[PDB]
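Accompanying notes for the structure given below.
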Number of protein chains: 6
Amino acid sequence: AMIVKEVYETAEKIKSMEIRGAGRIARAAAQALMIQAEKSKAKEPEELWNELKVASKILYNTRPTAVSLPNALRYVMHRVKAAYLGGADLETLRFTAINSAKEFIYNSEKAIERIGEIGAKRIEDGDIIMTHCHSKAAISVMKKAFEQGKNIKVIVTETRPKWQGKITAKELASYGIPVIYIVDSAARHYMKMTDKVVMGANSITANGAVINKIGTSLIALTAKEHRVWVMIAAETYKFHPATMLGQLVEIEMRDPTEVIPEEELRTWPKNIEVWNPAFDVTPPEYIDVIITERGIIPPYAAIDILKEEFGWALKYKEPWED
Amino acid sequence: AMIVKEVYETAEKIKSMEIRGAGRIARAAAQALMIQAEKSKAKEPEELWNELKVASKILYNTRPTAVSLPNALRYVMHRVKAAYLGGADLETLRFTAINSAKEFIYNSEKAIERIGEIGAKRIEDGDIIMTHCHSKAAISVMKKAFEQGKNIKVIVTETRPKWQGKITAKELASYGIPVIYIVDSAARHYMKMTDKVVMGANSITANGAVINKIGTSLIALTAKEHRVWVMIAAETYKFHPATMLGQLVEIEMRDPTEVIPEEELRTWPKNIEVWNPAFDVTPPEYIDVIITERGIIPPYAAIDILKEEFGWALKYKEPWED
Amino acid sequence: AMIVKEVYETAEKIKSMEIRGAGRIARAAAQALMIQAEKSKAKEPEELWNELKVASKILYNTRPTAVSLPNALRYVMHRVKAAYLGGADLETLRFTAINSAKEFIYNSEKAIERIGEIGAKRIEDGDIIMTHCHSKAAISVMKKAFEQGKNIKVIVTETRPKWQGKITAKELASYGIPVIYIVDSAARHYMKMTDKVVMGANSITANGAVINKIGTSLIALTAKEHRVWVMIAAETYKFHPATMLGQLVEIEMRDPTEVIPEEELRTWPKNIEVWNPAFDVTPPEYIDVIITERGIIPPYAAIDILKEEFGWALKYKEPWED
Amino acid sequence: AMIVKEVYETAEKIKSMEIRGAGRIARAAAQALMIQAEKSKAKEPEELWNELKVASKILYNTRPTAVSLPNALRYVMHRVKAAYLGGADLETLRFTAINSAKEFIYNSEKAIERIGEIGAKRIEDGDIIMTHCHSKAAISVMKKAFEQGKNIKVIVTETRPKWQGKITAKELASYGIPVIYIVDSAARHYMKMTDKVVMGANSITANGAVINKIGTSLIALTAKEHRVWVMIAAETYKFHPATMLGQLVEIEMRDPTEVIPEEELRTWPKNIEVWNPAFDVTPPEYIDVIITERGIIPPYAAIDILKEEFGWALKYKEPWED
Amino acid sequence: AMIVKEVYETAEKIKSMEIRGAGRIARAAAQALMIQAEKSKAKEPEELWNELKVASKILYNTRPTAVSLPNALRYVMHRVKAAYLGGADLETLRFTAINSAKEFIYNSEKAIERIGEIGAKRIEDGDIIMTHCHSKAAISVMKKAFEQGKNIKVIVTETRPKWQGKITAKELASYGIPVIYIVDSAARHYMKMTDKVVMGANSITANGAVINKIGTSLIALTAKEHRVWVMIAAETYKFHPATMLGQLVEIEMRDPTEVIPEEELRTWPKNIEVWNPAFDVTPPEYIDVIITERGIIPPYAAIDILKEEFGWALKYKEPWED
Amino acid sequence: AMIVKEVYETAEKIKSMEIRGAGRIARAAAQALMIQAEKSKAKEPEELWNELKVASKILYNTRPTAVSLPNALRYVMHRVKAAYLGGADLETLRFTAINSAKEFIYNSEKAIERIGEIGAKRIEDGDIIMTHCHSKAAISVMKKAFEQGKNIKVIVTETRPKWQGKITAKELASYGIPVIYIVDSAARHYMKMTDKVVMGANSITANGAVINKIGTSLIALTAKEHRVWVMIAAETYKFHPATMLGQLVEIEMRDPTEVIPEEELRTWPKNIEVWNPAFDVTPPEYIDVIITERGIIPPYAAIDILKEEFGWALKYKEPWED
Ligand SMILES: Nc1ncnc2c1ncn2[C@@H]1O[C@H](COP(=O)(O)O)[C@@H](O)[C@H]1O
Ligand SMILES: O=P(O)(O)OC[C@H]1O[C@H](OP(=O)(O)O)[C@H](O)[C@@H]1O
Ligand SMILES: O=P(O)(O)OC[C@H]1O[C@H](OP(=O)(O)O)[C@H](O)[C@@H]1O
Ligand SMILES: O=P(O)(O)OC[C@H]1O[C@H](OP(=O)(O)O)[C@H](O)[C@@H]1O
Ligand SMILES: O=P(O)(O)OC[C@H]1O[C@H](OP(=O)(O)O)[C@H](O)[C@@H]1O
Ligand SMILES: O=P(O)(O)OC[C@H]1O[C@H](OP(=O)(O)O)[C@H](O)[C@@H]1O
Ligand SMILES: [K+]
Ligand SMILES: [K+]
Ligand SMILES: [K+]
């Protein structure tokens, strides 16, 4: 197949984390599929279909852990697959792909703004909020509560190794929200003065577990210890349909040089291994609520998000498959 | 008073953490008092006494949190004070100071090697051990168990912000011990494969609480969650006599630039505060044992270390005082 | 805008708690809109509509915490509003109001009898049951168990400040049930002899939290500590729709003189504040089951009761708004 | 009624536990009805119907606790009752019974296979798995994980008093799986080295509690203590519909001679009572997932399995009653 | 024996709780013996000795639970017995009694002061402190913290049935300390905003359990839940020596009319029992520290206070026995 | 080197558990050194010394886990060794051995009677007590309670593999105590009806851990879950000196055929391993009290028993070494 450069550039930017955050990479995969359709020089519907299947595979094969990315490719390709199998012609297939993409992209932006509005109602004037990493869904909550005139302060953990906490601190301070920045190790010491914890999600399992930036689970554990509400802000496309049939979520392991730069690491001896897990798993018993664009749920109702929106698709193979 | 440069250099090196680790800074304060005595150009005993009182104050005023440092100054100055009040002459006072110092210094090295030998018996062939920061007492345990032929692997957390975990990783790898290096956030994810946790201490309270590098308490909490033994390796002079009469241990707050270098931090907006606590407090319910040079105790027997070795001194003022 | 005596007197009697209990004030509020429709002098549909809007506002602004009251008002006025917007004439609007109200009241009575029958199967011969405050729903359970010949005893907590416990003690004893009356503070002490706890609810949230009389969360906490089943007996109309979209339940603060009588409080110093929250929040982790008229659920199935009966209305404004 | 000997023989073998295991006894009860229908000498539908009701009752009064049995009878008998009442003739009623029995048997075999395939995905290479009693559903999981080439080892508890662990040990070994066999009292001692707990179920309640072989609750308790996942492998027909309306599950108390053989026991003084409960209740807090033939759920979604498959039947009497 | 009216009057006031609080009743019992000795008309030492034994018994049979009382009697009476038996003459025996009583009284006043000074060091500027009942030892802590210029606020629980919180509220306000007064049932609801719990004790057992006003165990339980430090302020003579040899502490069951006034209670049916325990037992897991006049200890060091001060007496009968 | 029959037969009978129970094997071992000294044909002190060294080695190398055995050996041989090194002649050495042994045996008997009297005060009329295995120390407590007229019942767990429960059931029943016998797996199920748990110990560590029959830690775990007092009845000679300096207690692995008889195990597949640990480790957090002959202690006071009675010997080699 004849795959446009934008697909390759996107895939590479997803792998290197220059595009990152679970929602954003989903949107960038949809965007990529959209541009593959726009720019295609295919003549038959079969030729375009083949390009879209292949582009989908390229994109799925970037980062494994956040299910948002495959749920985006699905959203488009289920629609593209049904059209192509209904005998759709060229421009009818092209436009299905283009329009399914723009739809997911739009719904994603709206979902995040509605999570903002729902989550903000659980934030109370004077609250101190601890967060972790840089999650747009979590930030939408915090930004909206501040825009409602609540005087909040946010504790931002730095989030090693990639320092996403820096993105968050600058971003929240740019909306006029006072920020307290701390190392991750400090999360227990400050849990006592924290009122609410608000974090994002890469994937959410059928039993209510949340897979999110390495460290999330420690924050949630001491939050529970202290009876501080742990709220997860997560779009419905963070829920992981394959876990309904027993699948485990793979934990991405990333380059040791994100932890120790190459210039330093090369001088270390062989007998030191550097392990760099990008996510950990937080059990549902340590999560108060999940805030989706459809409302507040206990973490144990993740199975209902799944049954009602994705469970249909599990009896079929992946839409980009043969 | 006429205070030798070595005292000033030492104090400054303790403040900047170029000399660091609770045992080591204790020894360096004793060493300093020793050199003040050696090099003094005092003629009367009163003049030397005044120099030693003042040098002690300078040294106490470096870093507050680790009680090891004041317990060293005490060890010497109690002995120096009793001699000077007994009407000791010049060279008799000088030599009391010099010899009390060398004694604490020697006892410190021995205490650490005996903590090694006692702690190593709780390490079992095949064990995976997680540690935090860089503690000589914890390292003595791990080095000895490896020297007994037990095949262990150590998980070393990087210990932000000052990266002491780097010291530890290189050091343990230099004795031939396989090391796994991880970010601090990863401690829960890896607790499941960890068999023993071994960490040091800066101060230990009358009720069994351990004040140690920021993050210690999170590690201990998830260790407890997982039923992994938490062992603290701590010399008797890490125990904090003033806590017997209600005193709270001050948590040193260090420069924000250890977290965000000045070149970066100056470009940040005013509304982001960076808080850098150097220690946190681990409650006794999350500690299996304390390993001292006198043996294994439950954390609740810290009060007995204290009653039996330091409680006498609380009815008097500090020995360097007037 | 022309409101009958009975609507004002009902409102007043809800505010003063002469009429109290979450079910009872909901029936009363339905009964008030009923009487307004019975007695209205309105000539036109639009006139009566406006009277019922205004009665509804009056009755809603009485006590805020028990969502049973707004749900009653809703039950009547969804039907009134639809009939009116569909063009019902005067007498058709009148009957729609009067009849929707009678439906609510009947269903409330039936729901409580059914809750009793369901919950009583969870009670075993010989059981000592501890309860709190005065909940008709909880009492239906205990009464029915006793009528089945289970030889039970009920530990009744006095329930300060307002002493609802005395109501409960005399009511149970008058059905032949042996009672043990204790102060609220004695709940842990007697939790060891207790087989089951049965309490009511004012509001139940999307995440499964139960808001009920002050002290409820304590009793639940220590029941859980001791592994005593905590059963909350609650009609579906105790479930709280707006919590689906993030809303927090307001906790009612009642007058200081309920705690310290006026004649005594006026003599107390100014720097004493009396705080009199009427309810607290019990987390779902401390609740075994919720017994609704539709069956036993785990507390985390509260969102399901809300999805299936209440969700639909959240895209519209209140049925008494302009 | 003219009851065939196969019905009486099945009932006897169920009671004696010669035929045992929850799913197995359910299949055997369907089978027995099948055979009553195949071999009936009935001339009228009324006469066959009566035989089926009497056989159903005999099979129901064998063992109380495992709801799989009543559910098997209901499957067959709801369909038999609807056909009798809708006027079916002799041969149509016979075939409805035969074929309904066949469909339950077949469904049971497939569901155990599917549970294996779903559960196996949660088992990872190198896992140490602890199990309890002998559960075909749990074994299907372990068997399939091994077939996928995962190197597993299983800790099998002997499961007193009836020694069902012996069955499990021998069966797992026969497929190629290494076993570590232990007494029940050792389950805490080896929970440290266990990665997963996988057990079966006899009855699962509306609030997500699992009733399973005596000792299951203990293994789950210490698993939780240790953060070992507890997975319960269980078909939809292990779910208990009467619990939706408050019913408590009876715990079978079996003969004291299974604990102490008759010869020994007759020599004991009368003031020793032997108590022999064949099941206990594990609360949902101690269960990570239930693996059904329809997927992985949290235990709290037991109500959902019950709502959608079984709840409809609860307005009607048992389909074998007059 | 010729017992002075002050002995009878003291005993009556102790029983009625006109004189109440553990330390206060101990002082009042020493005082009463002092006065018996001052005013005795005894001619022989045997006759005075007999009066002191009979007065001791009358004072001992007032209230059982608070061991402070027996300990006060023992202090005086061990010294009186040793003097009688070592041959003392009339006036020497009189003076031994008088002066032993004086020394206990004085020691009690000083110990409460010292507990204040020690405990105050654990209170920090801005602390919200919750307390329960009226304890002079706990108040001494709060009073001194305020005097040191720490801005504190105290949440005072009303402490049913006898309302000792009223005493505490008024007393703290009179020193300048703001109070928030609440019903006992609200302690969980306000534990979120509390920094420290500070309560007293009547008896403390060899294993570190604290027996204190009914409800203390509940406040401690939820404090622990929330990681609020529980500090118990308690003199050495609150420690219970008979518990070292297995003795259980009797819990005083007081008149039902303190709960329900006689006028009301006589109208109640006979099948309501009012139960009124004046104390409960808080386990040592729920206590951070005990603050005695000799320092801060973990609760588990209660055995040490008992070994070193009281254990010697347990080989001998009570020093008021024949 | 010349050892009498009785030393070999005692050793053999300890290995085979014909003689068993931690107290009993300690007395037996003392009784063996006694008989060797009674019957020795030695002419010289040095000869007998060497015989007792060798007897001691034989008896120590029997079963490793219960430290009661080495402590007995120590009790006799500290005295034998001191006498020998101080120059005792033959008959003086002989008597030193014979008499030290008789002292140990007498003190053991007295210690158990006293433990009984102390522990029985913690038992209350009406108590249901659960026990495990067969501990004379635990039985002394129950027996004494029953002799005081407390109407108790004891739940006796069978204690696989070796069935020590049957010994316990018949012994208690023969003193008139009602018994409920259950399998080990039924401990959680009946923990709800249980008021107190009373168990023995083989070894108790410096940190307060109790090593006792396999299953002990499970029962303790679920007792704690349910807030049932766990009381460990144990003589001071159950306390483990070498744990003071870091030593781990060896857990005895006994023969597979104790679990599966030889005639059956030989027929089982090779890939089944039977693991038969004789003991497990209960952490101090699950123990209420330890009842020694010197009184009630919290488990964390184990280090105090060791410091005051045993510490002194740890700077010397074993008293039976060269
Ligand atoms: N073999 C042993 N010897 C001495 N102490 C032990 C041994 N095994 C475990 N422990 C202690 O007992 C407890 C084990 O339970 P856990 O903390 O759940 O692993 C810890 O407090 C250990 O220090
Ligand atoms: O979708 P939003 O809420 O922006 O982000 C969700 C999560 O995605 C990020 O993953 P990464 O940085 O791509 O590894 C973080 O884990 C963050 O919490
Ligand atoms: O005495 P050792 O066991 O070497 O170190 C003890 C502790 O001292 C260090 O403090 P810092 O780095 O001076 O702040 C770390 O907190 C370490 O655990
Ligand atoms: O509806 P029923 O079950 O009768 O009672 C429900 C609850 O409402 C009452 O509130 P209040 O006395 O009105 O403040 C109590 O909190 C009670 O548990
Ligand atoms: O000695 P102080 O610290 O004053 O009081 C200690 C305790 O004694 C009181 O008992 P009561 O009111 O006599 O029944 C309360 O329980 C209080 O906490
Ligand atoms: O010393 P006493 O209290 O009798 O029993 C103490 C303990 O020793 C026994 O071990 P085993 O039967 O010898 O392995 C049991 O574990 C028992 O609890
Ligand atoms: K907090
Ligand atoms: K582990
Ligand atoms: K119990």
Side-chain angles (χ1 to χ4, degrees), chain C residues 14 17 19-26 63 65-66 68 112 115 131-140 159 162 164 199-202 211-214 216 232-235 238 252 254 278-279, chain E residues 14 17 19-26 63 65-66 68 108 112 115 131-140 159 162 164 199-202 211-214 216 233-235 238 252 254 278-279, chain F residues 14 17 19-26 63 65-66 68 112 115 131-140 159 162 164 199-202 211-214 216 233-235 238 252 254 278-279:
Chain C
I14 296 165
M17 301 176 63
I19 301 174
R20 56 143 297 276
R24 177 153 172 199
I25 71 173
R63 293 176 70 197
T65 294
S68 63
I112 295 158
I115 285 162
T131 192
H132 190 53
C133 198
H134 174 262
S135 158
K136 303 305 302 190
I139 287 165
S140 186
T159 321
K162 284 199 84 82
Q164 289 103 321
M199 295 184 295
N202 292 83
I211 304 195
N212 192 50
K213 190 58 56 215
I214 189 81
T216 297
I232 298 301
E235 302 100 297
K238 309 298 185 57
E252 193 192 357
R254 288 183 69 84
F279 304 101
Chain E
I14 289 165
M17 295 178 64
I19 293 176
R20 62 143 296 278
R24 207 204 170 152
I25 72 180
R63 279 177 82 206
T65 298
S68 63
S108 159
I112 296 163
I115 286 167
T131 192
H132 182 55
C133 202
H134 176 260
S135 151
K136 304 299 291 182
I139 291 164
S140 171
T159 318
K162 290 193 78 60
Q164 292 102 316
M199 301 180 286
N202 292 259
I211 291 135
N212 198 54
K213 187 55 48 195
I214 193 61
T216 296
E235 306 98 293
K238 305 304 175 58
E252 205 189 348
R254 290 193 63 82
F279 309 96
Chain F
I14 296 165
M17 301 176 63
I19 301 174
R20 56 143 297 276
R24 177 153 172 199
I25 71 173
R63 293 176 70 197
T65 294
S68 63
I112 295 158
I115 285 162
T131 192
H132 190 53
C133 198
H134 174 262
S135 158
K136 303 305 302 190
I139 287 165
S140 186
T159 321
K162 284 199 84 82
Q164 289 103 321
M199 295 184 295
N202 292 83
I211 304 195
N212 192 50
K213 190 58 56 215
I214 189 81
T216 297
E235 302 100 297
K238 309 298 185 57
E252 193 192 357
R254 288 183 69 84
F279 304 101

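Numbering of ligands and ligand atoms starts at 1, following listing order. Letters A, B, ... mirror the listed sequences (proteins, then strands); counts begin at 1.
With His132(C) contributing its side chain and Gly200(C) its backbone, the two residues share no donor-acceptor pair below 3.5 Å.
Between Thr65(E) and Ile211(E) the shortest side-chain heavy-atom distance falls below 4.5 Å. The closest side-chain heavy-atom distance from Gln164(F) to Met17(F) is below 4.5 Å.
Residues satisfying the side chain to side chain contact (heavy atoms under 4.5 Å, CB included) criterion with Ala278(E), sequence neighbours excluded, are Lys213(E), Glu252(E), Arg254(E). Every residue meeting the side chain to side chain donor-acceptor pair (under 3.5 Å) condition with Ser108(E), not counting sequence neighbours, appears here in chain and number order: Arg27(E), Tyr237(E). Considering only residues two or more places apart in sequence or on other chains, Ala22(F) meets the side chain to side chain contact (heavy atoms under 4.5 Å, CB included) condition with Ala66(F), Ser68(F), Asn202(F), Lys238(F).
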Pairwise, report which nitrogen or oxygen atoms of ligand 4 are under 3.5 angstrom from protein nitrogen or oxygen atoms, and how far apart they are.
from: ligand 4; atom 1: 1 (O); to: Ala22(C); atom 2: N; distance (Å): 3.4
from: ligand 4; atom 1: 1 (O); to: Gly23(C); atom 2: N; distance (Å): 2.8
from: ligand 4; atom 1: 1 (O); to: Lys238(C); atom 2: NZ; distance (Å): 2.9
from: ligand 4; atom 1: 3 (O); to: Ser135(C); atom 2: OG; distance (Å): 2.7
from: ligand 4; atom 1: 3 (O); to: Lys136(C); atom 2: N; distance (Å): 3.4
from: ligand 4; atom 1: 3 (O); to: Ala137(C); atom 2: N; distance (Å): 3.3
from: ligand 4; atom 1: 4 (O); to: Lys136(C); atom 2: N; distance (Å): 2.8
from: ligand 4; atom 1: 8 (O); to: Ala22(C); atom 2: N; distance (Å): 3.2
from: ligand 4; atom 1: 8 (O); to: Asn202(C); atom 2: OD1; distance (Å): 3.4
from: ligand 4; atom 1: 8 (O); to: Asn202(C); atom 2: ND2; distance (Å): 2.9
from: ligand 4; atom 1: 10 (O); to: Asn202(C); atom 2: ND2; distance (Å): 3.1
from: ligand 4; atom 1: 12 (O); to: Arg20(C); atom 2: NE; distance (Å): 2.6
from: ligand 4; atom 1: 12 (O); to: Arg20(C); atom 2: NH2; distance (Å): 3.0
from: ligand 4; atom 1: 12 (O); to: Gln164(C); atom 2: NE2; distance (Å): 3.4
from: ligand 4; atom 1: 13 (O); to: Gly21(C); atom 2: N; distance (Å): 2.9
from: ligand 4; atom 1: 13 (O); to: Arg63(C); atom 2: NH1; distance (Å): 2.9
from: ligand 4; atom 1: 14 (O); to: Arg63(C); atom 2: NH1; distance (Å): 3.4
from: ligand 4; atom 1: 14 (O); to: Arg63(C); atom 2: NH2; distance (Å): 2.8
from: ligand 4; atom 1: 14 (O); to: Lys213(C); atom 2: NZ; distance (Å): 2.7
from: ligand 4; atom 1: 16 (O); to: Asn202(C); atom 2: OD1; distance (Å): 2.7
from: ligand 4; atom 1: 16 (O); to: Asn212(C); atom 2: OD1; distance (Å): 3.1
from: ligand 4; atom 1: 16 (O); to: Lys213(C); atom 2: N; distance (Å): 3.2
from: ligand 4; atom 1: 18 (O); to: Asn212(C); atom 2: OD1; distance (Å): 2.7

